[PDB]
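Here's the structure, in structure tokens; my notes come after.
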Ligand SMILES: [Cl-]
Ligand SMILES: [Cl-]
Ligand SMILES: [Cl-]
Ligand SMILES: [Cl-]
Ligand SMILES: [Cl-]
Ligand SMILES: [Cl-]
Ligand SMILES: [Cl-]
Ligand SMILES: [Cl-]
Ligand SMILES: [Mg+2]
Ligand SMILES: [Mg+2]
């Protein structure tokens, strides 16, 4: 596979270590991943965006190379960390590129917390409620029953769940990039924890304020998304992007794997 | 793959349909499968045994093509069904070939119910208490939590669980033979039902009476079985087979897939 | 996989039908593939370039969906066809995006035939002599022996040869896209024919004239190319691009499959 | 996969080392493989035949672990070696189990050289003229073009050719067992060498003498054999086996991989 992004740095967020890294120089561009993934979703994207921007990426608290504490790692926490990183990085009016729960996080940070962006690219965002597959919804009710699974059975569930996000099946090498953080004893608990902490109110609170903002918004949408119906993406575009949707054929929820070129084009050909 | 066995007959067992079939002519030989499989474990074995025997095979109540009722399908039921079928078939002193819970069933039918056999070939039988893999032991405590899973997640767990039974991974075609009965709504509930009903007492009651029986016994034992430790196979051989164990290297629990030739040899090369 | 590009049009070139298609509106951009592939190498690239350009793509004579005649299909012919299509399409100073033998063809058309471009993006071009893989050099000496192979053996060789062009193995569905044109009786003969017609002089004639052209030029280079050494890519960049290569890590010859996002970035982030 | 047979011994055949091994004790049983394979075709069969026989197996000159000389390795040589081994092993009237060119060899040794057997089991033997797949016939006419292939192309050809012998595709681990001897520089030359040395006369000379022998003959025939038409198997059965075939459904030429249990049953169930 293509190389993993180097998240060399550690930011202390309220006693938790947050992994982050940067590439390139120029105007700031911040990349925000979703669940159950990590900044590695940008490994074929960030290097091309870094030719003309200083690109920032970090792993959400509870994900990837960041700490996975027995603590609040929900969307109620992630926009606080997002704002804290922008201040740590001393950046103003960043370009923002965000996927899934990362999209929820930057929509909360703008509409609830007032953070100004220079422009915003969303990729299959979780943005209007209710949201959540039946698996997420069922697992959230039996957390201890799933965290206690034998390692191989957990391995199989994580592998299948990640597989639902793509229209083209991943190679095992690539699937491993996203699965591996969840396979340690801490990671297995962390996987079901962030599912169990999901709550509709985090998205509903942001959605109540949606309106076209004072910066351009574009929404890249994998048409074959098994998790969110296409018409929900169009409804979001109607609400904040003047009805504009960048539809990506033969791509599922994880457009970064099915069609990273689509995201590169959307950001660079703006 | 090889042809599936035709189980074209239906026997009424206390109001439940039991699928069964036969091949060949000659002395009777009855094949008994275990969990979570079906008579299809004999599809590469029964045709060769049928050259000189009238071979009978049936699907346990709750498995395969037999009915999957919300009722007792435990080992406490299966020996009753086994004896009822021997009566229905009007067979006396069959040769017996049995695997896993099929082995427990024919051991109970002989040592508890007094049924005489011509000879007995066991393949990785569940015969010594306690028995239960980590997945079965864990899932037994969370039945509704697992039956409630979305189809693709249950699909993932069943595929992985079946995979633990073999040393050489199955092709998808062959895995599908064993997985498919558990994927309908009734099959999904039935899969977790037969796990929830497992009890050590069904094995313990037979084990308390173990001794060399009044017919030849041999035990074919896949050495790499992930579900039953070799020590219990050695114990069974010491208790009922005068220390004789046919160890099969590089074969897991499901010897019928890793090394069906070993079972054909054990039965035919007396 | 992603949709195949629709090449619904046919151009009559000296009695041979040439397949081609177009997407988008605006300034013209022409895409030129290489061997042994087709315009399908642009199926994840052309749609994004078509957002702001009218994209044209065609299959080289002897390739893809174009006719596969028992005639000259070498690079000596392809620049004549390229110029004929530009005239047919009535396009002036197109942007050009070209790979492998497509690069050789557009370099010949500019440096030998004087055709003007407004911009040139080359991807792992065949441009510096000598060029040719071990398979090509061997098979060029035994055309009849390989054409005479039974279908499944030719199938295996074409599959293996195509696989040498990528760093990440293709799915069988994607490999089929590129292999299928070569599997008919006519396609099997055409595959070895275009190998046997290769000659270094077609490259050498163009190379003698290389200098920085009067339009911008950039070279995308998959670093792990098994068919062209990096040093020849650098030599070309030294001659026509002021020493600049856009290096693509973990990408082989067929950057379109290993890293299509790199090509999209190189064209659009100009 | 199941472990490889240990051919621990070496026999001097006319200045060439021949690999051979034995398992078990009791009456002799000699196993003879065919092309392009080795004694490893018996790795799941020989251990079960050894429970009551002393089983002998060796690799044909030119194959497997035996020497691969630039010398005659054809069927014209192999019956000489077979007779020399029987004499070296001091065995008389052995049971014989032979496949493919191994069948041709033991048929030639009996009907042309007069060696008496006590029992003969043939598996998809080469025995009736003419015999030879289009791949074999074409490669035999262009030997130098194929031996000079790049290693990866030879690897793909050998893999595909072996794949034609099975109805169920091999795992790569198992395919490796059969492919590996042909991948060294010496093995690559040796692979095309034994194809190029094939001649119909070796079969025709034996076929002219076929008649029911003074020992039992059984013919195991994989019904899906792509290399030898079923009609030639029935023709052989009519001439030396009283018209009897042991048909094996859903098995190809290499019955040892598709259905080793069928060969075990055929030898032992008597
Ligand atoms: Cl902090
Ligand atoms: Cl909620
Ligand atoms: Cl219990
Ligand atoms: Cl694709
Ligand atoms: Cl013309
Ligand atoms: Cl030349
Ligand atoms: Cl190998
Ligand atoms: Cl000949
Ligand atoms: Mg288990
Ligand atoms: Mg022992």
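Between residue B:17 and residue D:137, the FRET efficiency from the beta-carbon distance, with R0 = 56 Å, is close to 0.50. Between B:17, B:179, B:209, the residue with the greatest mean-square fluctuation in the GNM of chain B (Cα pairs under 10 Å linked by springs) is B:209. Here is how far apart the residue A:212 label points are across copies: 4.4, 9.2, 9.6 nm, shortest first, using a point 7 Å from Cα toward Cβ. Measuring from the axis that maps chain B onto chain D, the chain B residue with the nearest beta carbon and its rounded distance in angstrom come out as B:261, 2. Is the shape of the protein assembly as shown best called rounded, prolate or oblate, per the rule: a/c under 1.5 gives rounded, else a/b larger than b/c gives prolate, else oblate, with a ≥ b ≥ c the square roots of the Cα gyration tensor eigenvalues? Oblate, because a/c is 1.5 or more while a/b does not exceed b/c.
Taking Cα atoms only, the orientation of helix D:151-163 departs from the longest principal axis of chain D by about 30 degrees. One Cα centroid belongs to region B:20-70, the other to region A:194-270; the line between them spans 54 Å. Of the Cα atoms belonging to region D:176-219, the radius of gyration and Dmax stand at 16.6, 45 Å.
Bridge orientation summary for chain A: considering DSSP beta bridges with both residues in this region, about 30 percent are antiparallel. Using a Gaussian network model on chain A with a 10 Å cutoff between Cα atoms, which of A:48, A:89, A:20 fluctuates the most? In the Gaussian network model the winner is A:89. How tilted is helix D:230-240 with respect to the longest principal axis of chain D? Cα atoms for both, answer in degrees (0 to 90, nearest 10). Helix D:230-240 sits roughly 40 degrees off the main axis of chain D.
For chain A, relative contact order (Cα pairs under 8 Å, six or more residues apart, normalised by length) works out to 19 percent. Volume per residue for region A:182-263 equals 134 cubic angstrom (convex hull of Cα atoms). Considering every Cα-Cα pair within region B:98-213, what fraction, in whole percent, is farther apart than 17 Å? Value for region B:98-213 (Cα pairs over 17 Å): 62 percent.
Taking each residue in D:245-251, count the Cβ atoms of any other chain within 10 Å of its Cβ, then average. What number comes out? Walk me through the intermediate numbers first.
Values: counts 0, 2, 0, 3, 3, 5, 1.
For this peptide, the per-residue mean of nearby foreign Cβ atoms is 2.
All distinct Cα pairs of region A:8-64 go into the 1/r average, and the inverse of that average, the Kirkwood radius, is 11.6 Å.
Between D:164, D:65, D:141, find the one with the highest GNM mean-square fluctuation for chain D; connect C-alpha pairs within less than 10 Å. Fluctuation is largest for D:141.
Just tell me how shielded A:41-52 is by partners: mean number of partner chain Cβ atoms within 10 Å of each residue's Cβ, no decimals. Present the calculation step by step, with values, prior to reporting the outcome.
Details: counts 0, 0, 1, 6, 2, 0, 6, 10, 2, 0, 4, 2.
Mean partner-chain Cβ count within 10 Å for A:41-52: 3.
Placing a label point 7 Å from the Cα of residue C:180 along the Cα-to-Cβ line, the residues of region C:18-49 whose backbone N sits under 17 Å from it are C:19-21, C:37-44. Placing a label point 7 Å from Cα along the Cα-to-Cβ axis, residue C:14 is separated from the same position in the other copies by 5.7, 7.3, 8.5 nm, shortest listed first. Here the spin labels are modelled as points 7 Å beyond Cα on the Cα-Cβ line, and at residue C:250 and residue C:231 they lie 2.8 nm apart. Distances, shortest first, from the label point of residue B:173 to those at the same position in the other copies read 2.0, 2.1, 2.9 nm; the point lies 7 Å along Cα to C-beta.
From the alpha carbon gyration tensor of region C:54-108, can you work out the equivalent ellipsoid semi-axes (sqrt of 5 times each eigenvalue) and give them in Å, largest to smallest? Please list the in-between numbers first.
Values: eigenvalues 70, 31, 23 Å².
Rounded to whole Å, the semi-axes are 19, 12, 11.
How high is the FRET efficiency from residue A:50 to residue A:223, r the C-beta distance, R0 25 Å, rounded to 0.05? Given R0 = 25 Å and the Cβ-Cβ separation, E is 0.35.
Mind checking the mean number of beta-carbon atoms from other chains within 10 Å of the Cβ atoms in D:254-266?
Numbers: counts 0, 0, 1, 0, 3, 6, 6, 14, 6, 2, 9, 12, 2.
Average per residue, whole number: 5.
Tell me, rounded to the nearest percent, the portion of alpha carbon pairs in region B:1-141 spaced more than 17 Å apart. Present the calculation step by step, with values, prior to reporting the outcome.
Values: 5748 of 9870 pairs.
Counting pairs separated by more than 17 Å, the tail of P(r) holds 58 percent.
Restricting the calculation to alpha carbons of chain B gives Rg and Dmax of 17.0, 50 angstrom.
Can you tell me the orientation of helix D:185-196 relative to chain D, as the angle in degrees between its alpha-carbon axis and the longest Cα principal axis, to the nearest 10? Result, in degrees: 60.
Because the Cβ atoms are built from the backbone with ideal geometry, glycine has one as well, and the counts that use them run over all protein chains shown. Values quoted throughout were computed directly from the atomic coordinates according to the rules given, and no laboratory measurement underlies them.
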